[PDB]
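Peer 1: Sharing a structure with you now.
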Amino acid sequence: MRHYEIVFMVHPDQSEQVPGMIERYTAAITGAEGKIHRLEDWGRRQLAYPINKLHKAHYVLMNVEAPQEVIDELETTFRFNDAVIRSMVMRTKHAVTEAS
Amino acid sequence: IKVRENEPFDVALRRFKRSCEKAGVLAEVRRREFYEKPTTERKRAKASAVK
Amino acid sequence: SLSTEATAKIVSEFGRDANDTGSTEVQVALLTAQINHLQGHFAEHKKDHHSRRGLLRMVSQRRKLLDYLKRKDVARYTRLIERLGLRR
Amino acid sequence: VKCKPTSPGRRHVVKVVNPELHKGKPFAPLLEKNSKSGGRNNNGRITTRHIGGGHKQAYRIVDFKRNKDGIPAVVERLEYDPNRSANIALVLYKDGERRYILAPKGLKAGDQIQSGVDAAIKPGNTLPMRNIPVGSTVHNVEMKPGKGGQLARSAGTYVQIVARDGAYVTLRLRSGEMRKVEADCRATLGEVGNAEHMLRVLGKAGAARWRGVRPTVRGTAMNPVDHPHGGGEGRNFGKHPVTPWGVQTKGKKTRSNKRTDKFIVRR
Amino acid sequence: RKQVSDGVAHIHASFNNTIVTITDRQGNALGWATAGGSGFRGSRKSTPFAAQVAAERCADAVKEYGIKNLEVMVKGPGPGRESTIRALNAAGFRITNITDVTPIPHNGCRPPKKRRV
Amino acid sequence: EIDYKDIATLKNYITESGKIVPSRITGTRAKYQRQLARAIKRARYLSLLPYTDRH
RNA sequence: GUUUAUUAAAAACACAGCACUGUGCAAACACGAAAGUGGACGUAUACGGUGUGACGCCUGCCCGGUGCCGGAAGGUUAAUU
RNA sequence: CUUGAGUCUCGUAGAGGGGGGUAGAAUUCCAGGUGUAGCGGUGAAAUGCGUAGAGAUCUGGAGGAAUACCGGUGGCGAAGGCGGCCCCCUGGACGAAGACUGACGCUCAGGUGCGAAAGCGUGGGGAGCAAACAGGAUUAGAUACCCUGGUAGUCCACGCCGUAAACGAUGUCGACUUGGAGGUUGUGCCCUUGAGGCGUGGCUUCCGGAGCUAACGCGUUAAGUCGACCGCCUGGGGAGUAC
Ligand SMILES: [Mg+2]
Ligand SMILES: [Mg+2]
Ligand SMILES: [Mg+2]
Ligand SMILES: [Mg+2]
Ligand SMILES: [Mg+2]
Ligand SMILES: [Mg+2]
Ligand SMILES: [Mg+2]
Ligand SMILES: [Mg+2]
Ligand SMILES: [Mg+2]
Ligand SMILES: [Mg+2]
Ligand SMILES: [Mg+2]
């Protein structure tokens with residue numbers, strides 16, 4: 001199980017779905033024996049530039065740990081998740097707990 | 001490259017950004033790039049720079 | 001380079017005694033069961049050459065170690081490949 | 001050449017060049033869902049378009065559209081399909097009923113493939129345009145909600161939407177560049193249909209064509225009465241076009257309803 | 001007629017030429033003039049002591065309108081990209097600030113091998 | 001200093017043009033000038049340190 | 001391979017290939033006053049068309065004349081009123 | 001047997017290679033607001049673009065190439081190489097305590113393999129430069145130099161060719177031999193209070209000692225002083241061409 005510092009950004013208005021995703025996110029990772037240390041909601045920070053056109057977006061933060069066989073699903077889920085925008089998952093760097 | 005101030009006094013300070021680009025990264029781009037000349041310009045016009 | 005818990009294993013597979021890492025009995029099997037795992041790689045990325053370099057030089061000295069092995073004893077030689085299955 | 005693993009050369013043994021085969025289509029025993037299919041090229045009367053008249057054909061099998069939805073499927077192995085190379089792939093749904101489907105790229109061992117709204121976005125089963133994503137690869141679309149026609153030539157065809165699009169239409173055709181078409185439509189989605197297939201060169205006159213095509217190739221060939229151009233010594237001054245087309249640019253497509261689309265190039 | 005009061009300007013300054021195009025906050029144009037667009041040509045122009053008599057040309061076509069104040073863009077280096085701004089403010093003009101909008105690749109395309117004099 | 005959420009740390013490390021700050025005029029161990037340089041790359045994409053100060 | 005049944009089987013047409021152009025489908029296009037039909041239950045890696053004729057190595061300069069492709073501001077311009 | 005080759009351990013920095021993502025800048029071409037006689041360009045000019053509205057300029061889309069800044073006198077690899085970022089699969093190299101086997105060893109004609117650019121294939125894409133090509137100008141003149149355009153082709157796999165000032169015009173492996181200012185990595189200890197401080201291994205840049213050197217210069221990275229092996233060289237043109 002490689003660790004992963006994964007962050008991502010969900011469209012503003014659509015921030016309604018913020019929870020349903022988040023739950024149904026650990027709802028697969030929990031369920032491949034995996035581990036999730038650090039994890040914390042960031043918020044509708046105001047953006048550096050017109051990404052996807054719309055200078056505002058929620059963020060999150062993950063730092064999880066599981067098989068690429070499960071983050072592969074999720075990997076492309078984002079792409080085929082509409083309400084979401086620029087998304088990114090950094091590989092291990094090892095387990096990091098606590099920070100903002 | 002953002003200026004603008006208060007108290008109308010056509011000051012200056014446009015030069016503050018004169019030294020983080022300007023014609024600077026234009027000479028590099030102006031005519032042509034470098035290719036092999038940087039093979040001998042940062043690693044050769046460096047003999048210019050040892051004291 | 002390889003999986004920690006599997007390397008170790010192979011040395012318990014082949015340690016005339018325990019923990020004799022830098023032997024020859026092993027260092028063979030090490031370069032071998034490595035190669036055999038590298039195998040399904042290069043029939044994919046069929047031109048990642050630099051990667052294959054130390055992959056050639058891998059087998060390369062793998063034989064220097066059988067040539068050796070065999071030069072100083074055959075009983076051991078034809079007991080190592082009987083199991084390792086090599087000779088290709 | 002271009003692709004893996006192999007599309008064969010052909011030993012220069014007896015006046016020849018190159019064939020064209022593939023791993024897995026072993027079984028030739030067609031199912032049962034296919035109809036005779038006649039022949040020639042006439043109509044209730046005289047001729048229309050020359051050429052075309054080879055034997056041996058049959059096989060019509062079937063399918064487009066996929067109006068089974070909310071239901072899985074299992075590729076039971078691809079197959080050769082004539083009058084249209086593009087292979088085929090059997091395909092079984094769970095209930096126990098087979099159909100034929102078009103044969104897009106990475107299929108074989110049953111795989112997912114399930115039609116329906118919001119279903120397996122992959123290369124497989126169709127999913128109505130509306131909820132079809134950035135669509136960079138679609139397929140045999142549908143001019144209208146329930147037709148299913150479009151570009152059946154999965155023999156290497158790409159159709160490509162333009163992301164997620166509005167109004168309810170989008171599209172950039174294979175060649176005919178960007179034309180709009182109802183979004184309430186659908187598409188095989190995968191967009192491919194194996195075209196290492198169409199890179200060959202039959203080889204040898206009839207032995208190629210003649211199981212298919214006659215000899216369109218008729219040129220002037222003189223007798224300047226059977227055509228508009230030919231005769232004389234052995235040459236043909238005179239502004240070349242068949243049955244007075246003007247067979248360079250010029251072009252026709254003079255109306256009929258549509259022309260509800262934009263761009264399509266020039267050159 | 002609108003009478004803007006908060007419209008912009010764009011000073012495109014090539015080496016052998018420099019244009020002054022006055023536009024609005026949004027971006028829509030408003031008035032203009034330029035180097036070769038004023039008496040001197042060839043290379044008699046380009047010099048700064050030419051490309052501000054142009055500047056003071058835009059003034060008579062940008063006062064039909066209402067401009068109580070403006071900002072400026074300097075897309076382009078060269079002989080008239082400061083001096084241009086001089087006969088600006090003075091000929092009866094305010095100014096929030098200056099913003100540079102000159103080209104900047106991240107090495108993206110090849111440029112003219114050109115001048116091999 | 002090995003990430004980005006310290007984005008207030010990284011804020012003095014630029015300019016009015018984004019232009020990443022040298023290890024020249026701040027000879028900063030250099031091997032730190034690497035484990036800082038990269039973070040701005042990776043972070044810029046994520047709508048923080050705006051690529052430039054024109055947009 | 002084919003051809004002038006019955007004076008010409010050739011250096012003819014053909015031929016695989018090569019190029020051009022047309023054709024987004026109710027295709028282009030062909031028979032039809034028409035309906036309707038062939039292009040096919042095909043779908044731009046698909047079909048008409050036209051030139052050239054396994055293969056290798058090549059395919060220069062001319063847009064003035066004419067085609068056709070494009071523009072439409074101005075000129076002239078039908079029925080019309 | 002253990003110091004040579006190495007195996008395990010455990011650290012560590014890095015543009016090492018292949019595949020798959022990608023975000024931002026940037027031209028250009030499309031689509032409309034604006035707006036008017038102008039832009040482009042040279043030494044000047046012309047060719048070309050602009051009243052069928054250039055260019056400026058804005059808001060939008062398509063798309064291809066490349067990754068400023070960081071970047072280094074830097075980093076990597078066996079050479080030719082290689083630069084944003086992310087993800088998987090994968091080399092090598094370095095070091096520290098150790099832990100291990102026990103001369104495996106360094107050399108190699110032929111043998112095999114990698115191969116900048118350019119070019120030939122099949123097929124792809126083709127934003128910008130541009131051979132060839134047409135105008136334009138300069139001259140006696142211009143098949144060129146600058147100007148205006150533009151085909152291939154720079155780009156993609158798949159495959160061929162397999163040469164370059166293929167560079168350090170300086171094989172490899174091994175121990176020597178005065179130092180002096182550095183660069184980057186790795187590990188010991190110093191009130192670790194510290195920027196740093198001191199020993200010590202890989203790599204590296206500049207001076208430069210003896211000494212070698214035909215001079216210029218090489219000089220711990222030797223062109224010093226020795227040791228295994230392989231490559232080539234014997235006067236210029238004719239000629240790396242002919243057969
Ligand atoms: Mg005849
Ligand atoms: Mg006759
Ligand atoms: Mg006869
Ligand atoms: Mg008769
Ligand atoms: Mg006869
Ligand atoms: Mg012929
Ligand atoms: Mg002929
Ligand atoms: Mg090195
Ligand atoms: Mg090339
Ligand atoms: Mg030129
Ligand atoms: Mg010296």
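Labels for the structure tokens follow display order: chains A, B, ..., residues from 1 in each chain, ligands from 1.
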Which residues come within 9 Å of residue E:77, counting only C-alpha atoms (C1' of nucleotides), excluding same-chain residues fewer than 3 positions away, as a list in words?
Peer 2: residues 22, 23 and 26 of chain B; 12, 13, 14, 15, 74, 80, 81, 82 and 102 of chain E
Peer 1: Take the residues from that selection and write them out as a PDB file, in the first residue's frame, keeping N, CA, C and O atoms.
Peer 2:
```pdb
ATOM      1  N   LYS B  22      11.074  42.710 -18.782  1.00  0.00           N
ATOM      2  CA  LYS B  22      11.324  43.731 -19.798  1.00  0.00           C
ATOM      3  C   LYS B  22      12.025  43.131 -21.011  1.00  0.00           C
ATOM      4  O   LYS B  22      11.876  41.943 -21.292  1.00  0.00           O
ATOM      5  N   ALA B  23      12.784  43.955 -21.728  1.00  0.00           N
ATOM      6  CA  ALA B  23      13.545  43.479 -22.880  1.00  0.00           C
ATOM      7  C   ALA B  23      14.392  42.283 -22.483  1.00  0.00           C
ATOM      8  O   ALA B  23      14.919  41.572 -23.339  1.00  0.00           O
ATOM      9  N   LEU B  26      13.130  39.293 -23.648  1.00  0.00           N
ATOM     10  CA  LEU B  26      12.814  39.553 -25.047  1.00  0.00           C
ATOM     11  C   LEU B  26      14.033  39.324 -25.927  1.00  0.00           C
ATOM     12  O   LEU B  26      13.896  38.824 -27.030  1.00  0.00           O
TER      13      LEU B  26
ATOM     14  N   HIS E  12       1.188  49.465 -28.454  1.00  0.00           N
ATOM     15  CA  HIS E  12       1.955  48.433 -29.126  1.00  0.00           C
ATOM     16  C   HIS E  12       3.165  49.075 -29.789  1.00  0.00           C
ATOM     17  O   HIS E  12       3.019  49.893 -30.695  1.00  0.00           O
ATOM     18  N   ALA E  13       4.361  48.706 -29.336  1.00  0.00           N
ATOM     19  CA  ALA E  13       5.589  49.329 -29.833  1.00  0.00           C
ATOM     20  C   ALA E  13       6.593  48.344 -30.428  1.00  0.00           C
ATOM     21  O   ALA E  13       7.439  47.812 -29.714  1.00  0.00           O
ATOM     22  N   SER E  14       6.493  48.114 -31.737  1.00  0.00           N
ATOM     23  CA  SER E  14       7.495  47.343 -32.464  1.00  0.00           C
ATOM     24  C   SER E  14       8.710  48.229 -32.602  1.00  0.00           C
ATOM     25  O   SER E  14       8.660  49.411 -32.264  1.00  0.00           O
ATOM     26  N   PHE E  15       9.804  47.673 -33.101  1.00  0.00           N
ATOM     27  CA  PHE E  15      11.016  48.463 -33.250  1.00  0.00           C
ATOM     28  C   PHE E  15      10.858  49.522 -34.327  1.00  0.00           C
ATOM     29  O   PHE E  15      11.054  50.711 -34.074  1.00  0.00           O
ATOM     30  N   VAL E  74       1.406  48.462 -22.231  1.00  0.00           N
ATOM     31  CA  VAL E  74       2.599  48.553 -23.072  1.00  0.00           C
ATOM     32  C   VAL E  74       2.992  47.206 -23.690  1.00  0.00           C
ATOM     33  O   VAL E  74       4.015  46.612 -23.339  1.00  0.00           O
ATOM     34  N   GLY E  80       9.619  53.891 -28.431  1.00  0.00           N
ATOM     35  CA  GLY E  80       8.523  54.775 -28.094  1.00  0.00           C
ATOM     36  C   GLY E  80       7.610  54.227 -27.028  1.00  0.00           C
ATOM     37  O   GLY E  80       6.441  54.581 -26.981  1.00  0.00           O
ATOM     38  N   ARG E  81       8.151  53.378 -26.163  1.00  0.00           N
ATOM     39  CA  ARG E  81       7.360  52.723 -25.121  1.00  0.00           C
ATOM     40  C   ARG E  81       7.493  53.358 -23.735  1.00  0.00           C
ATOM     41  O   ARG E  81       6.896  52.890 -22.774  1.00  0.00           O
ATOM     42  N   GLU E  82       8.288  54.414 -23.637  1.00  0.00           N
ATOM     43  CA  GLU E  82       8.300  55.254 -22.450  1.00  0.00           C
ATOM     44  C   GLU E  82       7.836  56.623 -22.890  1.00  0.00           C
ATOM     45  O   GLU E  82       6.834  57.134 -22.405  1.00  0.00           O
ATOM     46  N   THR E 102       3.389  42.623 -22.685  1.00  0.00           N
ATOM     47  CA  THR E 102       4.255  42.232 -23.782  1.00  0.00           C
ATOM     48  C   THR E 102       4.401  40.697 -23.803  1.00  0.00           C
ATOM     49  O   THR E 102       4.227  40.041 -22.780  1.00  0.00           O
TER      50      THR E 102
END
```
Peer 1: Report as a ChimeraX atom specification which protein, DNA and RNA residues come within 12 Å of ligand 6, using only C-alpha atoms (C1' of nucleotides) and all ligand atoms.
Peer 2: /G:11-15,17-18,51-54
Peer 1: Using only C-alpha atoms (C1' of nucleotides), determine which residues lie at most 9 Å from residue F:48, disregarding the query and same-chain residues fewer than 2 positions distant; provide the list as a list in words.
Peer 2: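 That gives residues 46, 47, 48 and 49 of chain A; 7, 43, 44, 45, 46, 50 and 51 of chain F.
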Peer 1: Hey, what does DSSP flag as strand (DSSP E or B) within chain A? Can you give it to me as number ranges by chain?
Peer 2: A: 2-3, 5-10, 35, 45, 57-59, 65-66, 84-90
Peer 1: Which residues of chain D sit at most 7 Å from ligand 1, using only C-alpha atoms and all ligand atoms? Give each one's shortest atom pair and distance in Å (one decimal place), in chain and ascending residue order, as JSON lines.
Peer 2:
```
{"residue": "D:221", "atom": "CA", "partner": "ligand 1", "partner_atom_place_in_ligand_line": "1 (Mg)", "distance": 5.9}
{"residue": "D:222", "atom": "CA", "partner": "ligand 1", "partner_atom_place_in_ligand_line": "1 (Mg)", "distance": 5.3}
{"residue": "D:223", "atom": "CA", "partner": "ligand 1", "partner_atom_place_in_ligand_line": "1 (Mg)", "distance": 6.2}
```
Peer 1: For those residues, write C-alpha atoms to a file as a CSV table (one decimal), in the first residue's frame.
Peer 2:
```
chain,number,residue,atom,x,y,z
D,221,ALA,CA,-10.8,4.3,-73.9
D,222,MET,CA,-12.0,6.0,-77.1
D,223,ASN,CA,-15.1,5.4,-78.9
```
Peer 1: Counting only C-alpha atoms (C1' of nucleotides), what is within 12 Å of residue B:16, bar same-chain residues fewer than 6 positions away, as a compact mmCIF listing (two decimals) with C-alpha atoms, in the first residue's frame?
Peer 2:
```
# COMPACT_ATOMS: atom_id res chain seq x y z
CA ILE B 1 3.56 43.84 -13.48
CA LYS B 2 1.11 45.80 -11.30
CA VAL B 3 1.52 49.46 -10.28
CA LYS B 22 11.32 43.73 -19.80
CA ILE E 98 0.76 51.07 -15.81
CA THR F 15 7.75 38.48 -7.28
CA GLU F 16 5.30 40.76 -9.10
CA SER F 17 5.63 38.36 -12.04
```
Peer 1: So that I can see what lies close to residue D:212, please list as a list in words the residues with an atom at most 8 Å from it, counting only C-alpha atoms (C1' of nucleotides) and leaving out residues fewer than 2 positions away in the same chain.
Peer 2: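 Here the qualifying residues turn out to be residues 52, 53, 54, 55, 208, 209, 210 and 214 of chain D.
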Peer 1: List as a list in words the protein and nucleic acid residues near stretch 63-75 of chain C, meaning an atom at most 7 Å away when only C-alpha atoms (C1' of nucleotides) are counted, but skip any in the same chain fewer than 5 places from it.
Peer 2: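 After dropping sequence-adjacent residues, the list is residues 24 and 28 of chain C; 104 of chain H.
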Peer 1: Show me which bits of chain D are within 7 Å of chain H, counting only C-alpha atoms (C1' of nucleotides), as a ChimeraX atom specification.
Peer 2: /D:1-3
Peer 1: Show which residues sit within 12 Å of residue C:19, as a PDB file with C-alpha atoms (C1' of nucleotides), in the first residue's frame. Count only C-alpha atoms (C1' of nucleotides), and ignore same-chain residues fewer than 3 positions away.
Peer 2:
```pdb
ATOM      1  CA  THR C   7      14.488 -11.355  -1.792  1.00  0.00           C
ATOM      2  CA  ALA C   8      14.804 -12.448   1.825  1.00  0.00           C
ATOM      3  CA  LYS C   9      12.708 -15.507   1.008  1.00  0.00           C
ATOM      4  CA  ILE C  10      14.959 -16.624  -1.835  1.00  0.00           C
ATOM      5  CA  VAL C  11      17.920 -16.476   0.566  1.00  0.00           C
ATOM      6  CA  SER C  12      16.026 -18.805   2.887  1.00  0.00           C
ATOM      7  CA  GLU C  13      15.344 -20.877  -0.198  1.00  0.00           C
ATOM      8  CA  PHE C  14      19.020 -21.110  -0.947  1.00  0.00           C
ATOM      9  CA  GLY C  15      21.077 -20.386   2.161  1.00  0.00           C
ATOM     10  CA  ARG C  16      23.258 -23.448   2.741  1.00  0.00           C
ATOM     11  CA  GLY C  22      26.440 -12.592  -0.645  1.00  0.00           C
ATOM     12  CA  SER C  23      26.939 -16.272  -1.460  1.00  0.00           C
ATOM     13  CA  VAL C  26      21.817 -17.215  -4.114  1.00  0.00           C
TER      14      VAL C  26
ATOM     15  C1'   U H   7      25.256 -10.093  -2.523  1.00  0.00           C
ATOM     16  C1'   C H   8      22.063  -8.612   1.298  1.00  0.00           C
ATOM     17  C1'   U H   9      20.951  -4.472   4.523  1.00  0.00           C
ATOM     18  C1'   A H  99      26.148  -8.746   7.244  1.00  0.00           C
ATOM     19  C1'   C H 100      27.526 -11.950   3.639  1.00  0.00           C
ATOM     20  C1'   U H 101      30.772 -15.291  -0.651  1.00  0.00           C
TER      21        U H 101
END
```
Peer 1: Output as CSV one row per residue of chain H within 9 Å of ligand 10: the closest atom pair and its distance in Å to one decimal place, counting only C-alpha atoms (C1' of nucleotides) and all ligand atoms, sorted by chain and residue number ascending.
Peer 2:
```
residue,atom,partner,partner_atom_place_in_ligand_line,distance
H:130,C1',ligand 10,1 (Mg),7.1
H:147,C1',ligand 10,1 (Mg),8.8
H:148,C1',ligand 10,1 (Mg),8.9
H:149,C1',ligand 10,1 (Mg),8.7
```
Peer 1: How would you write, as a list in words, the set of residues no farther than 8 Å from ligand 11 when counting only C-alpha atoms (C1' of nucleotides) and all ligand atoms?
Peer 2: residues 207, 208, 217, 218 and 219 of chain H
Peer 1: Can you list, as a list in words, every residue of chain B that DSSP puts in alpha helix (DSSP H)?
Peer 2: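 Alpha helix (DSSP H) members of chain B, listed: residues 24, 25, 26 and 27 of chain B.
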